[PDB]
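S.K.: Here it is, the structure, as structure tokens.
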Amino acid sequence: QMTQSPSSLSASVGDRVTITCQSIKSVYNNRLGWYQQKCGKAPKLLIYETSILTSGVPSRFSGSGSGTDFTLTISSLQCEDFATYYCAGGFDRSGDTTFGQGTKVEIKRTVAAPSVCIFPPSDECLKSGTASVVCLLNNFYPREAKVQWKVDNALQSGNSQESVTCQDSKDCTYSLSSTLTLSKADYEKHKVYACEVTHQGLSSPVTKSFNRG
Amino acid sequence: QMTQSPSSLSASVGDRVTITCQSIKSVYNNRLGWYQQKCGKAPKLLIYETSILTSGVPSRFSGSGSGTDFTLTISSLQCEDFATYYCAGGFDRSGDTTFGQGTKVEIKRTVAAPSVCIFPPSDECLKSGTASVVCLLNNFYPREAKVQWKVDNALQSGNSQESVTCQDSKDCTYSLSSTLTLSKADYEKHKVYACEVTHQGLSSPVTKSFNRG
Amino acid sequence: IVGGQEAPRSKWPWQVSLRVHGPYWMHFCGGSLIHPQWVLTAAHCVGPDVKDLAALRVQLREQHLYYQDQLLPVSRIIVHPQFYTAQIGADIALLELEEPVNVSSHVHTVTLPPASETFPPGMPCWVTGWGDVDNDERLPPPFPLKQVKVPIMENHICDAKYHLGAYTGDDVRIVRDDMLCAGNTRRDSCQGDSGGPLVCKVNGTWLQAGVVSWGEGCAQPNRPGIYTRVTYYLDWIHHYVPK
Amino acid sequence: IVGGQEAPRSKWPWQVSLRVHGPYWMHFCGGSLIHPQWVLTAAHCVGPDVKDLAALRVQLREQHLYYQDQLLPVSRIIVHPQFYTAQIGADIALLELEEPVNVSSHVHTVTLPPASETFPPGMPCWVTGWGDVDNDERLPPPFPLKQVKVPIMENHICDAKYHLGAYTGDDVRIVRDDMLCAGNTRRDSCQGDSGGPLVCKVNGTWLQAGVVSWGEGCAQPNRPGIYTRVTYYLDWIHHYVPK
Amino acid sequence: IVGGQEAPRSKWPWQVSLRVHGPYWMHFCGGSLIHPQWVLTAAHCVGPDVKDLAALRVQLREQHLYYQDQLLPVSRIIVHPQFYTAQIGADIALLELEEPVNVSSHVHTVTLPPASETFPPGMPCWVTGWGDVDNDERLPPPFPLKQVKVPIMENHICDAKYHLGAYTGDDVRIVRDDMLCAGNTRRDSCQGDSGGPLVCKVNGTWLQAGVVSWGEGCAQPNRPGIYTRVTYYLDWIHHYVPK
Amino acid sequence: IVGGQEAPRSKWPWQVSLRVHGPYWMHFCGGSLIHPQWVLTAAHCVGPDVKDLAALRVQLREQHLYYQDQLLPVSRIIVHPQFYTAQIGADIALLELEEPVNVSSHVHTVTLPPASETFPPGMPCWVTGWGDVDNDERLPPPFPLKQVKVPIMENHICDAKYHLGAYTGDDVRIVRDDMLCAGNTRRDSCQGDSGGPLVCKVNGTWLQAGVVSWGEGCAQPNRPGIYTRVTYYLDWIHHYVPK
Amino acid sequence: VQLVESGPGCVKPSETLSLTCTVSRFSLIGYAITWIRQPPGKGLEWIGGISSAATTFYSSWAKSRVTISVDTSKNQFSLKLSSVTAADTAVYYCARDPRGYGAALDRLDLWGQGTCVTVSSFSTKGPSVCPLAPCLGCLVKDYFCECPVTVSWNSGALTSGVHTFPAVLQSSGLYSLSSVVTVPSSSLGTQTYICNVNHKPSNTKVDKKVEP
Amino acid sequence: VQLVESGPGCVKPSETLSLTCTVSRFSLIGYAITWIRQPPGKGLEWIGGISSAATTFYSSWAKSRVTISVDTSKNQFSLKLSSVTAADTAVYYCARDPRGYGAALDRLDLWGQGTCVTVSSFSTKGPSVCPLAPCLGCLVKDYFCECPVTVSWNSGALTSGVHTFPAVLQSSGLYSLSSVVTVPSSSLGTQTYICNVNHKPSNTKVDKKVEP
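Chains as they are written, first to last, in our numbering: chain A, 1 to 213; chain P, 214 to 426; chain F, 427 to 669; chain L, 670 to 912; chain C, 913 to 1155; chain H, 1156 to 1398; chain E, 1399 to 1610; chain Y, 1611 to 1822.
Encoded structure:
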């Protein structure tokens, strides 16, 4: 059995980091490896047999360890290194083998402001009799961003959900989808729809609207 | 001898374009090719023998021609396609072979505002007895941008030069370097230095300054 | 070449070597210079599939391969439209040089026969090349040009010999009238001689009777070598070589 | 066989292996059992030159070559009189066994088609054998029998494909009416499969449409495999196999 | 194995085959099962350069290679520290299996000799393996396990024979005291037998005298095969195999 | 020779080619002319088994192999008595010519070093020959003499590098004091260079430091080439070469 | 050379889960397979594996309920888990050890893409698809058994600019998801921007166009 | 396999320009070389070439003044242009035709990187180097014979973020250029940010550090 530390870290682009994994028994004969897992992907092997680098892995990564204590080190973090990392070890043959808990690595980047779109409830998002309206905050950093839904200038609460992309290997910002729900008939009552947008890198609040006719 | 047309074009990302080359004689035996040249690089062969695609070229490009009239076509322009393109042809063996005039392709992209830095005249840029001060407009589009140099609030004129990067295959914006010249002793007179940055997409003149002490 | 000796240094000034790109420019096929800008060879050396001209060069008459290479570029390949395999026939091709050759004592063209010449048995004919010297083994690393004198056979006697020890019915023509037969169990062309000239001396003048085309292995009993008959294709040659 | 898997133990009871004498009795060619005393194969496996019958044996349906050998002697070889090379055609031969085979569940004959069948595209056809598995490399040392399902092509569309990238004029027929085309860039016969059966299931019954004959290398683009069309030769087969 | 026959199916239950990854898991070296978790072999089969254990598997006693493969993984390789080349000596290695073998009638260990046993001439000894059968040629594609009975030589008489027809001075020891000599011009190990056991029957019990190590070609005159003498290394073996 | 250029036609007048009889007199080994009647080479090219002198000839400094052959007969072969294999050492041999050579500008002897010279790292040294040019492939058919400049290593640093990636214990000496190390992953001798001279320019004079002896493949990482150290054997050389 | 899982996606309590791992070209004759599990929000947990020798090994919990097997006639490896609870909901992977060890996790060099399995009493229902007309998008709604749903554009030829979002639990206990591409205003009409959806357990495939 | 030019960079009127093209590994035995010229602000113009046969071909203007040659003993190709005018200022390239044709431009498959030749009466002078402390940079100034100047960072190991700008004519008739890298504020001191400059005709190499 093993404990992996730390559970999370966040660091600059270019920054120098290490991850540690420790166990109550020594590994049987250098049987320790390191795996990288990304946004909805199978794990990829990076390091095996304590220190052998898997082919095609860029030489940013190396690791070694004193038989009972093991380190993985990244010399200069890229945003492409956004992932969870796990140690895996084997302590005999047939018996004790396990993964670690896994470490989550976030890459810090220069701020960007949310570019806002809004889409009118149309076709099936009225033709279903339910109604739905979407306010989209593309490509922002940090995750300190907030939305207020407003209809006929009235502030709205509940009746909504929000969801967010992972950080991409090249965009390295992320997008948020904000939704409000209604009936078709109650969309056909009110006329003004707006979302008010906020994000730490701004001068002010921001607004975008559309109007029913 | 040949004439190539048009001399320049500019088009969207994703857009569909073609280039034409014509001659007063037909090419001897399919001896026509197309070359791409980029920001300070040797030409690369893309197409030879009228229509054979060179290996490693992405299948965005194709071409053909009616023996005396020839076309090169790009199915969906990337910003990576920012380049000059030339036809080359051969009309006998030993004799008439020439290049065309070359077509310049600019890729249109979504606007960006100039991120501004300013730097104090220091070390060699005083220790040489000349002085120089720099205002840097990173990563803007379009090229409609302008700078006003100001010293002690006085508007400066002449005594300056500006230069600009090419468009990169991935950044696809570009940077501008603005410079003002002075003596070391006349830098040691005045105390307030500013550059006022203008760009078609901006909130305002972006006033950035520094002060001598 | 099975039998015969190293060729004398003046004797066959029209002989050509074809070279293919690889770790070096390697000899693969013969030919003959018939005009200052044209080489005559076999079709199966260059076709029926189309070849990139980047991979081919011509070498003129050396005494020894590779020792003093001067490799000529090729502008055009013209294969006879009827060719697909050598036993069916039409095994003839033309190469146009990019540059013309300066004719010389050491480099001169062969003469093509008049269409009326038939080359009966007893005609004194030679074949030359850089092919294999026995059925299984290469020309050794000095690589001299070799020659051998070969007896001509009449086509009907040759077709009969090809039916001995075969299942093929006697009504089926194996040797065709666009072909010619020469050689015996001691004296033959072999692998790597293909495309080379067969030349006979008629009234003092050297004429090219044939191109080395195909056969059932080198110097085998009752299997004379088969040559493309040059007189059969003169009209096709003269659509390209300006005479 | 390029593509496809190991064949199931029961699936192809007529498949035959031809063996040549050497340091061991080595597989060189395929065939099919069409009658208790007769094997159908290709002519280029056994001709056009005559073979000593001392050097040949037949092996019936193994799962793995060489591990359970029971080698049958051959009494007679009958090659079609028109054959000389496979691209010209008539690439068909018959072997008569010295002893008749005891027909069984594990060993049974294939049925020959009626002369009216044409096998249009969409016909579900398979080819089986012990040939090479990629263009350059042997079947590995367990030597399992492999199968692959192959698409049929119409002869005119196939002849057109053989003219792409060739010098041969479009008027010259490469694919003849005694031939059939099947396969693609993923799914083909290869070296060592020659002489083996192509079989299609028609109205529940397995019929042999073809014999593996020739092609321009294994699974090459625009070069489907060429098969001898069995319906074309039924009258010649029935002069010997007693029906 | 030069001379001798196919081995009977019960006779040598400890024989091991080593397999290397490629287009198939190919036999390259012999070995013997000495403990349920340990194989004894030669050092030059696995060293002196370090090998990735991903590329190696062990096969236990087959009658025929490849026909019924069940490939065991290897946990550890232990090469004697003094080894660099086989003519210098120490040509001995140990493989530890990942899993222990279930001992059986069909799979059983060989016994190692007591350190006092010298194996004088006249000792009845056999060597077994899947190597080459003549100096130049492979074991044919059924791949049976072969055996041959070989005469032992004394080391001084063997060293003298290695000086015949050599420039080496008689004062230089070619055959060392960690080595053993056996075989003659009719009866020898050959390429692919290396690492296999030499076993002698002493007082009814089979003992492993040797490991096939090196020689000057198969069955050559005055060049007996050289074996690693197992008694010389018993103390090194017992540092790992738990006895 | 891995890396380096064709040699200039004057530059290495002592280089020798050894030829073995076959279908032609083929190059197999290098050497150097050290006296008008004596060639110095490696022992593993000619021993340890005795050779018939009918099968050997010497060729003096060509620019291209085979094109200008003048083959000298050999009267005597003298191999150092301690040699049996190259990794053990004493890999040195002498050939006595039947006839003396007329010394010339184009053919001249190399000078042997004084016994005190140690050749430290930084010494400017070259190796020359007609060997292979990459690990797997032959010198191409013009066969030019090639040269490359190589860095010397100290013996202790070289022995340490041979232990990297090996099972051999660090206490075992792989590189011996009769040996010398030179070369790297870009610049090495290869197969067919064995027996050739390693020469260093000392105070304006060319001295032969070494003979190409052995290594673990051409230009491999951490495996420098091993040379026989010439100073170690001067007393043995002077028992035969009259100084 | 690559691995593909197969499995039911949605299962009812007390059923037995069957998975198969298939090898696509060549064969794992000398190789091991292990099965790995990842419950939502956990890390990786090991189930078991089979060695090159056909020996089988099971974890501390799996021996109660799991069977692993191999069939060379199909190039297939199989997993069975009996008496499933809701807590058996996870993504399941097959992976190869190149050394052939049946109980090792340190060198898993090749992985499949994985099958998600949800255990529930519910019924699956396929989605509706709202177009989000002008940035533009395709919004997929009201489906259940969330995990195997997939969306694509121009039948896959619109490889570019497609962001896609984590599903959310509708208050109805169903799931909804949005797919979005940024488009330049000249490209309106001028590009096809087709959307393609399928939900394999609900047997559902649908298509649409977006335009102003 | 690649081509490298060599040449003088700066030349005086009425001199003769010599260029060489060197082949780096293997040899152009069966190959042609052509010479191409690109004056500032023009397109490409062809000078001449040599075929695989050693025949030479020259353009309509070049026959007056140009000689091309080959030396197998050095693996070198050479160009000479006599009686140079200022209008001979250009970038010069060597390129290979793989068919061996000496007068063809349709299939130039392999190119060198090029050398730039300036014809002038002046003297070369090497640069000074202003640091650009906090975005930060390294500004290179007051050099002449602009075209061969180059700048690099951390001796080449700082491959990243380096923008660099077209030179400008100082009112003195000299040239100045700026090199800039953006840096995160935590990286100040924490990263080396060394600047490496050289000007080969002025024989000049210099180095500096940037820091607040």
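Ideal placement from N, C-alpha and C gives every residue a C-beta, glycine not left out.
A/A112 lies in the beta strand (DSSP E); which residues open and close that run?
M.R.: Counted from its first residue, the first sequence places residue 112 of chain A at position 112. Looking at the DSSP string, A/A112 is not in any beta strand (DSSP E), and its letter there is neither H nor E.
S.K.: Just to make sure I have the definition right: I need the residues of chain C whose C-beta is within less than 8 Å of the C-beta of residue 1627 of chain E. Which are they?
M.R.: Residue 1627 of chain E falls outside the range modelled here, since chain E spans only 1399 to 1610, and no answer is possible.
S.K.: Given a cut-off of 8 Å, decide if C/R1099 and C/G1001 are closer than it, judged by their beta-carbon atoms.
M.R.: If you number the fifth sequence from 1, residue 1001 of chain C lands on position 89. If you number the fifth sequence from 1, residue 1099 of chain C lands on position 187. Contact: no.
S.K.: Determine whether the beta carbon atoms of H/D1246 and H/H1199 lie at a separation below 8 Å.
M.R.: Numbered from 1 along the sixth sequence, position 91 holds the residue referred to as residue 1246 of chain H. Numbered from 1 along the sixth sequence, position 44 holds the residue referred to as residue 1199 of chain H. Contact: yes.
S.K.: Could you spell out the range, first to last residue, of the beta strand (DSSP E) harbouring L/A878?
M.R.: Locating residue 878 of chain L in the fourth sequence gives position 209, counting from the first residue. Taken as a continuous stretch (DSSP letters only), the beta strand (DSSP E) holding L/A878 covers 874-883.
S.K.: So which residues of chain F does L/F752 contact, with C-beta pairs closer than 8 Å?
M.R.: Within the fourth sequence, residue 752 of chain L is the residue found at index 83, counting from 1. The answer, in chain order, is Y593, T594.
S.K.: Measure how close the beta-carbons of E/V1608 and E/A1531 come, nearest whole angstrom, since I'm counting them as under 8 Å.
M.R.: Taking the first residue of the seventh sequence as position 1, residue 1608 of chain E is located at position 210. Taking the first residue of the seventh sequence as position 1, residue 1531 of chain E is located at position 133. About 6 Å; that satisfies the 8 Å criterion.
S.K.: Name the residues in the region 1404-1429 of chain E whose C-beta lies less than 8 Å from a C-beta of chain C; which are they?
M.R.: Against chain C - using a Cβ distance shorter than 8 Å - the residues of the region 1404-1429 of chain E are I1427, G1428.
S.K.: Helix, strand or coil, according to DSSP, for L/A835 in the structure here?
M.R.: Here the question's residue 835 of chain L lines up with position 166 in the fourth sequence. L/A835 falls in the strand class under three-state DSSP.
S.K.: Can you tell me whether DSSP reads C/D1046 as helix, strand or coil?
M.R.: The count along the fifth sequence starts at 1 and reaches residue 1046 of chain C at position 134. If DSSP states are grouped into helix, strand and coil, C/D1046 belongs with the strands.
S.K.: Between the region 218-252 of chain P and chain Y, which residues of the former have CB atoms less than 7 Å from a CB of the latter, in chain order?
M.R.: Hits within the stretch, in order: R244, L245, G246.
S.K.: Note down, in chain order, all residues in the region 1570-1601 of chain E with a beta-carbon under 9 Å from any beta-carbon belonging to chain A.
M.R.: Hits within the stretch, in order: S1574, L1575, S1576, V1578, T1580.
S.K.: Let me confirm a value: Y/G1722 is counted as buried when at least 16 other C-beta atoms fall within 10 Å, else exposed. Which label applies?
M.R.: Position 112 of the eighth sequence, counting from 1, holds the residue named residue 1722 of chain Y. Buried, because 16 or more other Cβ atoms sit within 10 Å of the Cβ of Y/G1722.
S.K.: Is the distance from the Cβ of C/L1007 to the Cβ of C/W924 below 8 Å?
M.R.: One-based indexing of the fifth sequence puts residue 1007 of chain C at position 95. One-based indexing of the fifth sequence puts residue 924 of chain C at position 12. The answer is no: Cβ separation not under 8 Å.
S.K.: Could you tell me the boundaries of the beta strand (DSSP E) in which C/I1000 lies?
M.R.: For this step, residue 1000 of chain C is matched to residue 88 along the fifth sequence. Here C/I1000 belongs to no beta strand (DSSP E), and DSSP marks it neither H nor E.
S.K.: Going by DSSP, which residues form a beta bridge with Y/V1790?
M.R.: On the eighth sequence, residue 1790 of chain Y is found 180 positions in, with the first residue counted as 1. BP columns for Y/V1790 point to Y/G1747, Y/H1773.
S.K.: To the nearest angstrom, how far is the alpha carbon of C/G959 from that of H/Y1322?
M.R.: For the purposes of this step, residue 959 of chain C is taken as the residue at position 47 of the fifth sequence. For the purposes of this step, residue 1322 of chain H is taken as the residue at position 167 of the sixth sequence. Each residue's Cα considered, the two are about 7 Å apart.
S.K.: Residues of chain L with CB closer than 7 Å to the CB of F/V505, please, in chain order.
M.R.: Here residue 505 of chain F refers to the residue found at position 79 of the third sequence. In chain order: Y836.
S.K.: Along the region 1680-1711 of chain Y, where does the CB come closer than 8 Å to a CB of chain F? Name the residues.
M.R.: Against chain F - using a Cβ distance shorter than 8 Å - the residues of the region 1680-1711 of chain Y are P1708, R1709, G1710, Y1711.
S.K.: For residue 1383 of chain E and E/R1494, which I take to be in contact (beta-carbon distance under 8 Å), what is that distance rounded to the nearest angstrom?
M.R.: No statement about residue 1383 of chain E is possible, as the shown extent of chain E runs from 1399 to 1610 and does not include it.
S.K.: Go to L/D862, then tell me how far its beta strand (DSSP E) extends in each direction, as first and last residue.
M.R.: In the fourth sequence, counting from the first residue as 1, residue 862 of chain L sits at position 193. Segment: none, L/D862 is in no beta strand (DSSP E) and carries neither H nor E.
S.K.: Cβ closer than 9 Å: which chain L residues qualify as neighbours of F/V637?
M.R.: As a working mapping, residue 637 of chain F is identified with position 211 in the third sequence. Within 9 Å Cβ-Cβ: nothing; F/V637 doesn't reach chain L, min ~17 Å.
S.K.: Could you tell me whether the Cβ of C/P1052 comes closer than 8 Å to any Cβ of chain L?
M.R.: The residue you call residue 1052 of chain C lines up with position 140 of the fifth sequence. It does: the Cβ of C/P1052 has a partner Cβ on chain L nearer than 8 Å.
S.K.: When you compare the CB of residue 956 of chain L with every CB in chain C, is at least one pair closer than 8 Å?
M.R.: One cannot answer for residue 956 of chain L here, as it falls past the ends of chain L, which runs 670 to 912.
S.K.: Please list the terminal residues of the continuous beta strand (DSSP E) segment that includes C/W950.
M.R.: Working through the fifth sequence from its first residue, we reach residue 950 of chain C at position 38. Residues 950-953.
S.K.: Taking all protein chains shown into account, do 16 or more other C-beta atoms lie within 10 angstroms of the C-beta of P/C252, making it buried, or fewer, making it exposed?
M.R.: Taking the second sequence and counting its residues from 1, the one referred to as residue 252 of chain P is at position 39. Under this definition P/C252 is an exposed residue.
S.K.: Take E/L1426 and list the residues in its own chain whose beta-carbon comes closer than 7 Å to its own, dropping the five residues that flank it on each side.
M.R.: Mapped onto the seventh sequence, residue 1426 of chain E falls at position 28. If we look at E/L1426 and ignore the five residues flanking it on each side, its Cβ neighbours are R1494.
S.K.: Within the same chain, show all residues whose beta-carbon is closer than 6 Å to that of L/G852, passing over the 5 residues directly before and after it, in chain order.
M.R.: Sequence index remark: in the fourth sequence, residue 852 of chain L carries index 183 (1-based). Closer than 6 Å at Cβ, skipping near neighbours: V819, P893, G894.
S.K.: Quick test of your reading: E/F1563 and E/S1576, contact by CB under 8 Å. State the CB separation rounded to the nearest angstrom.
M.R.: Locating residue 1563 of chain E in the seventh sequence gives position 165, counting from the first residue. Locating residue 1576 of chain E in the seventh sequence gives position 178, counting from the first residue. So it is a contact: roughly 5 Å between Cβ atoms.
S.K.: Out of L/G873, L/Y909, L/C859, L/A878, point me to the one whose CA is closest to L/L867's CA.
M.R.: Taking the fourth sequence and counting its residues from 1, the one referred to as residue 867 of chain L is at position 198. When only C-alpha atoms are compared, the closest one is L/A878.
S.K.: So, does the region 721-740 of chain L touch the region 491-498 of chain F, judging by three or more C-beta pairs under 8 Å?
M.R.: The region 721-740 of chain L vs the region 491-498 of chain F: no contact.
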